[PDB]
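Below: the structure, in structure tokens.
Protein chains in written order, with PDB author numbering: chain A, 682 to 749, 767 to 895; chain B, 682 to 751, 768 to 895.
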């Protein structure tokens with residue numbers, strides 16, 4: 682049987698091939714040549730996951746229908779928290795060491811999927827996150843499945859729109875990257891957000 | 682009798698006149714026009730305390746002789778100044794932080810101590826991320842007159858900061874974005890007040 686989201690780290694090799702973006706995967710040992718973009722001071726956009734990861738994550742959340767000030771479901775509520783912990787400590791933490799002067803990842807505060815729709819935009823007030831760093835993955839396709847949306851970095855005076863499926867944004871949680879989501883004008887927009895200490 | 686370091690907030694008004702830099706004091710309600718400098722991205726230098734504050738802090742630490750063995770420091774709580782420092786941070790520093798950093802709200806104080814660098818230090822000052830959301834570093838004594846060299850290297854910014862004025866503070870992020878090391882002094886003694894705030 683084909684590997685599933687749940688099979689990390691038991692079926693590590695197969696999981697990686699199916700779920701991690703080939704560009705990220707091929708640079709695990711050498712981030713010097715990895716194609717990431719500094720979109721504004723100290724905020725990076727980079728390929729992380731494949732379309733298959735994103736599609737399956739959305740299916741799991743849609744099917745669980747455990748949606749909860768924003769409409770979200772914690773990874774622990776669908777039994778994906780141990781998998782996420784593995785992703786963060788094994789794959790993301792070395793990339794953080796590279797980006798941020800050898801900063802060592804301590805622990806995960808929160809990991810959840812957010813579903814923005816036309817009834818549930820949230821307040822969209824600016825905030826500092828409860829984290830040392832925040833990871834934000836776009837799970838579904840701009841234009842095809844939603845319009846407008848995106849992210850405003852208040853301090854940086856920078857608007858980030860049209861994030862690609864499976865691409866991540868990373869930024870400081872507290873102090874230095876005050877931010878808000880932007881409203882969508884149609885459809886549904888799904889993101890995976892994690893608050894890491 | 683003249684107000685002392687200990688008399689905050691009992692003798693708040695007299696404490697402020699004696700111990701807070703007049704420029705900081707006069708802008709407590711509106712930092713818009715306060716004369717602070719961005720020395721590198723997101724790192725600010727600004728007047729905070731008077732020479733009298735700095736002199737008295739050093740006296741208290743010199744007299745207590747509670748220095749860690751021989768980097769050499771003493772915690773403010775070891776000389777009974779932790780409640781005064783709490784008052785300083787929540788009442789004076791926190792509003793300035795709200796102004797500098799997009800309304801960030803100060804939660805709690807991790808540590809507050811005085812560091813004494815002298816010529817007995819035998820080993821290296823390694824780079825570090827601090828255990829804090831933000832770090833406050835006050836120069837307590839005078840560059841050139843009382844020590845040579847010293848200062849602080851912001852490694853990510855590739856910026857060396859040296860020769861801070863007495864009673865002037867540096868503020869920077871603790872984690873992630875302001876990797877740093879202290880640089881050794883080559884003569885005399887350098888005293889600093891450092892606080893790690895969450």
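Quick reminder that beta carbons are idealized off the backbone N, C-alpha and C, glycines included.
Shown here, residue 869 of chain B sits in a strand according to DSSP, grouped into three states.
Excluding the 5 residues flanking it on each side, residue 878 of chain B has same chain C-beta neighbours closer than 6 Å at 822, 824 and 850, in chain order. Shown here for residue 719 of chain A: same chain residues with a beta carbon closer than 7 Å to its own, the five before and five after excluded, namely 725 in chain order. The segment 812-819 of chain A and the segment 877-894 of chain A touch, with no fewer than 3 CB-CB distances between them shorter than 8 Å. Residues of chain B whose Cβ lies closer than 9 Å to the Cβ of residue 855 of chain A do not exist, since the nearest Cβ in that chain is about 12 Å away. For the pair residue 853 of chain B and residue 733 of chain B, the Cα-to-Cα distance works out to about 34 Å.
Comparing alpha-carbon positions, the option among B/708, B/715, B/769 and B/809 lying closest to residue 784 of chain B turns out to be B/809.
The beta carbon of residue 690 of chain B is closer than 6 Å to those of 784 in its chain, skipping five residues each way along the sequence. At least one CB atom of chain B sits nearer than 8 Å to the CB of residue 830 of chain A. Residue 799 of chain A places its beta carbon 8 Å or farther from that of residue 831 of chain B. Neighbours of residue 852 of chain B in chain A, taken as residues whose beta carbon is under 9 Å from its own, are 799 in chain order. For the beta strand (DSSP E) assignment, the uninterrupted runs of no fewer than 3 residues enclosed by the segment 835-893 of chain B are, from N- to C-terminal side, 844-846, 849-851, 856-858, 865-870, 877-879 and 882-885. Our two residues, residue 686 of chain A and residue 772 of chain A, have alpha carbons roughly 15 Å apart in a direct line. Contact between residue 818 of chain B and residue 703 of chain B is ruled out by a C-beta separation of about 35 Å, above the 8 Å threshold. Pairing residue 804 of chain A with residue 895 of chain A gives a Cβ-Cβ distance under 8 Å. If the five residues before and after residue 730 of chain A are omitted, its C-beta is found closer than 7 Å to the C-beta atoms of 700, 701, 702, 835 and 864, all from its own chain and listed in chain order. Against chain A, the CB of residue 722 of chain B has a partner CB under 8 Å away; the residue lies at that interface. At a cut-off of 8 Å between beta carbons, residue 717 of chain B makes no contact with chain A.
At least one CB atom of chain B sits nearer than 8 Å to the CB of residue 876 of chain A.
Neighbourhood of residue 872 of chain A in chain B, by CB distance below 7 Å: 801 and 830, in chain order. Per DSSP, residue 713 of chain B lies in no beta strand (DSSP E) and is assigned neither H nor E.
Excluding residues up to 5 positions away in sequence, 845 and 846 lie with their Cβ nearer than 6 Å to the Cβ of residue 883 of chain B in the same chain.
Between the C-alpha atoms of residue 722 of chain A and residue 856 of chain B there is a straight-line separation of about 16 Å. With a contact defined as Cβ atoms closer than 8 Å, residue 837 of chain A and residue 735 of chain A qualify at about 4 Å.
In this structure, DSSP gives residue 785 of chain A a helical state, which the three-state scheme calls helix.
Beta-bridge partners assigned by DSSP to residue 691 of chain A: none are found. Taking CB atoms only, residue 783 of chain A has no neighbour in chain B less than 8 Å away.
Among the CB atoms of chain B, one or more fall inside 8 Å of the CB of residue 826 of chain A. Looking at the DSSP output, residue 812 of chain B shares a beta bridge with B/770 and B/889.
In this chain, the alpha helix (DSSP H) harbouring residue 794 of chain B covers 791-797. Beta-bridge annotation (DSSP): residue 721 of chain A is paired with A/724. Burial check for residue 866 of chain B: the Cβ neighbour count within 10 Å reaches 16 or more, so the residue is buried. Out of B/793, B/893, B/829 and B/827, the CA that lies nearest to the CA of residue 714 of chain B is found in B/793. For residue 716 of chain A, same chain residues with a beta-carbon under 7 Å away, outside a window of 5 residues either side, are 704 in chain order. DSSP places residue 747 of chain A outside both helix and strand once states are collapsed to three, so it counts as coil.
DSSP, read as helix, strand or coil, puts residue 706 of chain A in helix.
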